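Asker: quick one: experimental structure and sequence below.
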Amino acid sequence: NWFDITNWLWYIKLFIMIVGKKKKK
């Protein structure tokens, strides 16, 4: 069931936030 999707939806979203720091542009 697609109930607690945010449980992983945040984890996968937290990754980008990291790489997003790589370099400056």
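Answerer: That came through, no problem. Residues are numbered from 1 along each chain as shown.
Asker: only C-alpha atoms for contact and neighbour calcs from this point on.
Answerer: OK.
Asker: could you look up the SS state of residue 24?
Answerer: Counting by DSSP: H, G, I helix; E, B strand; the rest coil, the backbone at residue 24 sits in coil.
Asker: just use 203 as the starting number from now, easier for me
Answerer: Renumbered: residue one is now 203, and that last one reads residue 226.
Asker: that one: how many residues sit nearby?
Answerer: Neighbours of residue 226 under the rule other C-alpha atoms under 10 Å: 5.
Asker: before we move on, which element is residue 218 in?
Answerer: helix 208-221 (DSSP states H and E).
Asker: how about that helix as PDB, C-alpha atoms only?
Answerer: Extracted in PDB, the C-alpha atoms of helix 208-221 (Å, rounded to 0.1, in the frame of the first residue of the first chain):
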ATOM      1  CA  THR A 208       7.400   9.800   2.500                       C
ATOM      2  CA  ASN A 209       9.400   7.300   4.500                       C
ATOM      3  CA  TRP A 210      11.600   6.800   1.400                       C
ATOM      4  CA  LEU A 211      10.500   9.800  -0.600                       C
ATOM      5  CA  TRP A 212      12.500  12.000   1.700                       C
ATOM      6  CA  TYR A 213      15.600   9.700   1.600                       C
ATOM      7  CA  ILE A 214      15.800   9.800  -2.100                       C
ATOM      8  CA  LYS A 215      15.200  13.600  -2.000                       C
ATOM      9  CA  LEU A 216      17.900  14.100   0.600                       C
ATOM     10  CA  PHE A 217      20.500  12.600  -1.700                       C
ATOM     11  CA  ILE A 218      20.100  15.300  -4.400                       C
ATOM     12  CA  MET A 219      20.500  18.000  -1.800                       C
ATOM     13  CA  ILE A 220      24.000  16.600  -1.100                       C
ATOM     14  CA  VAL A 221      25.300  16.400  -4.700                       C
END
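Asker: show me which parts of stretch 209-216 are buried, residue by residue.
Answerer: If you call a residue buried by 16 or more other C-alpha atoms under 10 Å, then stretch 209-216 has no buried ones at all.
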